[PDB]
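Enquirer: Structure below; questions to follow.
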Amino acid sequence: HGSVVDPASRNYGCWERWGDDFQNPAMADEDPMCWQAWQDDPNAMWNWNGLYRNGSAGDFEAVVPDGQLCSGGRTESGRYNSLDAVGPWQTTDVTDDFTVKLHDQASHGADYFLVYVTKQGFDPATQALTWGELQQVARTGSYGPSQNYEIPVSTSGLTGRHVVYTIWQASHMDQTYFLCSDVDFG
Ligand SMILES: [Zn+2]
Ligand SMILES: [Zn+2]
Ligand SMILES: [Zn+2]
Ligand SMILES: [Zn+2]
Ligand SMILES: [Zn+2]
Ligand SMILES: [Zn+2]
Ligand SMILES: [Zn+2]
Ligand SMILES: [Zn+2]
């Protein structure tokens, strides 16, 4: 099990930035979206590698409703529902060409990755994510077992605040991870 670690996914980033200091009183002001997540269920961050669904059979729109993309369709008994909050999530700066890097403790492999980015004109700070507001930026073939996977993404004409949505179809069974990463193209 794993996540997108660079550009950090929403829950991985909240964990990386605040996990050693998760009750820091400055968090509400400095990173309100992480604060609300930690207040909803701290296990969304402690279990940063558990954002998956089993059995989707490749039909992701059937099991991930609009407005629930970042929780993987309110997966895992609602643990990650706070990741669907709309607001000024902390971004990672990326260039037009950037690498999506996943860490996987188990070396499951991938049948494929799908990578999307929110369209120009979509404002993640004030609008819920929907499938219709995504544009596909890459689809890959299979990756063999490894503790890390890298997807070299190339985009042009994307500026400012976006969300990257990475879908990892693992190879050990029908299991899929749904990772939102807030990014800033500048
Ligand atoms: Zn695993
Ligand atoms: Zn990093
Ligand atoms: Zn402030
Ligand atoms: Zn920046
Ligand atoms: Zn370029
Ligand atoms: Zn790693
Ligand atoms: Zn590890
Ligand atoms: Zn910016």
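We label chains A, B, ... in the order they appear in the structure tokens, count residues from 1 in each chain, and number ligands from 1 in the order shown.
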Name the residues in contact with range 171-173 of chain A at a cut-off of 10 Å, using only C-alpha atoms, excluding same-chain residues fewer than 3 positions from it; report them as JSON, numbers by chain.
Expert: {"A": [54, 55, 106, 107, 108, 109, 110, 111, 112, 142, 143, 144, 145, 168, 176]}
Enquirer: Could you save those same residues with C-alpha atoms as a compact mmCIF listing (two decimals), in the first residue's frame?
Expert:
```txt
# COMPACT_ATOMS: atom_id res chain seq x y z
CA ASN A 54 -11.17 -2.97 -4.00
CA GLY A 55 -13.11 -4.38 -6.94
CA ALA A 106 4.70 -3.76 -0.59
CA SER A 107 6.01 -3.61 -4.15
CA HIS A 108 2.59 -4.55 -5.58
CA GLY A 109 3.38 -3.28 -9.07
CA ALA A 110 0.89 -1.38 -11.23
CA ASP A 111 -1.21 -2.61 -14.11
CA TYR A 112 -1.29 1.08 -15.11
CA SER A 142 2.48 -1.72 -16.35
CA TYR A 143 5.19 -1.27 -13.75
CA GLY A 144 6.90 -4.23 -12.12
CA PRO A 145 7.16 -4.64 -8.37
CA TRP A 168 -2.88 3.58 -9.36
CA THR A 176 -7.05 0.98 -6.87
```
Enquirer: List as a list in words the protein and nucleic acid residues near residue 177 in chain A, meaning an atom at most 6 Å away when only C-alpha atoms are counted, but skip any in the same chain fewer than 3 places from it.
Expert: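 After dropping sequence-adjacent residues, the list is residues 51, 52, 167 and 168 of chain A.
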Enquirer: Determine the nearest neighbour of ligand 4 from the options A:93, A:104, A:59, A:123, counting only C-alpha atoms and all ligand atoms.
Expert: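 Comparing A:93, A:104, A:59, A:123 against ligand 4, the winner is A:93.
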Enquirer: Residues within 9 Å of ligand 7, counting only C-alpha atoms and all ligand atoms: report them as number ranges by chain.
Expert: A: 2, 103-106, 147-148
Enquirer: Would you please give, as a list in words, all residues of range 97-147 of chain A that DSSP assigns to strand (DSSP E) based on the backbone?
Expert: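 DSSP on the backbone gives strand (DSSP E) at residues 97, 98, 99, 100, 101, 102, 103, 104, 110, 111, 112, 113, 114, 115, 116, 117, 118, 134, 135, 136, 137, 138 and 139 of chain A.
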Enquirer: Emit the selected residues as a CSV table (one decimal), in the first residue's frame, including N, CA and C atoms.
Expert:
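New file selection-v1.csv:
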```csv
chain,number,residue,atom,x,y,z
A,97,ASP,N,6.7,20.1,-16.9
A,97,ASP,CA,7.1,18.7,-16.8
A,97,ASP,C,7.4,18.4,-15.4
A,98,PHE,N,6.8,17.4,-14.8
A,98,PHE,CA,7.1,17.0,-13.5
A,98,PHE,C,6.9,15.5,-13.3
A,99,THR,N,7.5,14.9,-12.3
A,99,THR,CA,7.4,13.5,-12.0
A,99,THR,C,6.5,13.2,-10.8
A,100,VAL,N,5.5,12.4,-11.1
A,100,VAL,CA,4.7,11.8,-10.0
A,100,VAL,C,5.4,10.6,-9.4
A,101,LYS,N,5.7,10.7,-8.2
A,101,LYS,CA,6.5,9.7,-7.5
A,101,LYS,C,5.6,9.1,-6.4
A,102,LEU,N,5.4,7.7,-6.5
A,102,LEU,CA,4.7,7.0,-5.5
A,102,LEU,C,5.6,6.1,-4.7
A,103,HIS,N,5.4,6.0,-3.4
A,103,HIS,CA,6.1,5.0,-2.6
A,103,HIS,C,5.1,3.9,-2.2
A,104,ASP,N,5.5,2.7,-2.4
A,104,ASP,CA,4.6,1.5,-2.1
A,104,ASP,C,5.4,0.6,-1.2
A,110,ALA,N,2.1,-2.1,-10.7
A,110,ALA,CA,0.9,-1.4,-11.2
A,110,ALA,C,0.5,-2.0,-12.6
A,111,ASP,N,-0.8,-2.3,-12.8
A,111,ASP,CA,-1.2,-2.6,-14.1
A,111,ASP,C,-1.1,-1.4,-15.0
A,112,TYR,N,-1.4,-0.2,-14.4
A,112,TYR,CA,-1.3,1.1,-15.1
A,112,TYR,C,-1.5,2.2,-14.1
A,113,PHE,N,-1.0,3.4,-14.4
A,113,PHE,CA,-1.4,4.6,-13.8
A,113,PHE,C,-2.2,5.5,-14.8
A,114,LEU,N,-3.2,6.2,-14.3
A,114,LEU,CA,-3.9,7.3,-15.0
A,114,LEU,C,-3.6,8.5,-14.2
A,115,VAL,N,-3.2,9.6,-15.0
A,115,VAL,CA,-2.9,10.8,-14.3
A,115,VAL,C,-3.8,11.9,-15.0
A,116,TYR,N,-4.5,12.7,-14.2
A,116,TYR,CA,-5.3,13.8,-14.6
A,116,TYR,C,-4.8,15.1,-13.9
A,117,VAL,N,-5.2,16.2,-14.5
A,117,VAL,CA,-5.0,17.5,-13.9
A,117,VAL,C,-6.3,18.3,-14.1
A,118,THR,N,-6.7,19.1,-13.1
A,118,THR,CA,-7.8,19.9,-13.2
A,118,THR,C,-7.6,20.9,-14.4
A,134,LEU,N,-11.6,17.4,-15.0
A,134,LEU,CA,-10.3,16.8,-15.2
A,134,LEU,C,-10.0,16.7,-16.7
A,135,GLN,N,-8.7,16.9,-17.0
A,135,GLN,CA,-8.1,16.5,-18.2
A,135,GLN,C,-7.0,15.4,-18.0
A,136,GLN,N,-7.0,14.4,-18.9
A,136,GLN,CA,-6.1,13.4,-18.8
A,136,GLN,C,-4.7,13.9,-19.2
A,137,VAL,N,-3.7,13.7,-18.5
A,137,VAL,CA,-2.3,14.1,-18.8
A,137,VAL,C,-1.4,13.0,-19.1
A,138,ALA,N,-1.7,11.8,-18.6
A,138,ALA,CA,-0.9,10.6,-19.0
A,138,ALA,C,-1.7,9.3,-18.6
A,139,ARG,N,-1.5,8.3,-19.4
A,139,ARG,CA,-1.8,6.9,-19.0
A,139,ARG,C,-0.5,6.1,-19.3
```
Enquirer: Range 74-85 of chain A: which residues within 9 Å, counting only C-alpha atoms, same-chain residues fewer than 2 positions away excluded, as a tab-separated table (two decimals) with C-alpha atoms, in the first residue's frame?
Expert:
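Done, and the output landed in around-v1.tsv:
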```
chain	number	residue	atom	x	y	z
A	10	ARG	CA	-3.38	15.69	0.38
A	11	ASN	CA	-3.12	13.25	3.29
A	33	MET	CA	-7.22	22.34	5.25
A	34	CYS	CA	-4.81	20.06	7.09
A	36	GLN	CA	-9.78	20.33	9.44
A	37	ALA	CA	-8.56	16.92	8.25
A	38	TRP	CA	-6.68	16.24	11.48
A	40	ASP	CA	-12.06	15.04	11.44
A	41	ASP	CA	-10.01	11.84	11.66
A	42	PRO	CA	-6.29	11.91	12.45
A	43	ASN	CA	-6.10	8.39	11.02
A	44	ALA	CA	-6.54	9.91	7.55
A	45	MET	CA	-2.93	11.01	8.06
A	50	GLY	CA	-4.72	3.29	2.96
A	51	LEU	CA	-6.64	5.32	0.38
A	52	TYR	CA	-7.88	2.53	-1.86
A	53	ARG	CA	-10.95	0.74	-3.16
A	64	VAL	CA	-16.31	7.63	-7.24
A	65	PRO	CA	-19.04	10.25	-7.34
A	67	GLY	CA	-17.23	15.78	-5.18
A	68	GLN	CA	-15.72	12.60	-3.71
A	69	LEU	CA	-12.69	12.18	-5.94
A	70	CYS	CA	-10.11	12.96	-3.25
A	71	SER	CA	-11.63	10.46	-0.79
A	72	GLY	CA	-11.83	7.76	-3.44
A	87	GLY	CA	-10.64	25.37	0.39
A	89	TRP	CA	-5.21	23.27	0.36
A	128	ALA	CA	-15.54	20.69	-5.65
A	129	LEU	CA	-13.59	18.31	-7.87
A	180	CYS	CA	-5.21	14.04	-5.14
```
Enquirer: Please indicate the distance in Å from CA of residue 27 in chain A to CA of residue 126 in chain A, rounded to one decimal place.
Expert: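 Interatomic distance, CA of residue 27 in chain A to CA of residue 126 in chain A: 20.2 Å.
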Enquirer: Would you name the residues within 9 Å of ligand 3, counting only C-alpha atoms and all ligand atoms, and put them as a PyMOL selection string?
Expert: chain A and resi 28-32
Enquirer: Of the residues A:170, A:164, A:179, A:158, which is the one nearest to ligand 1, using only C-alpha atoms and all ligand atoms?
Expert: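 The closest residue to ligand 1 is A:170.
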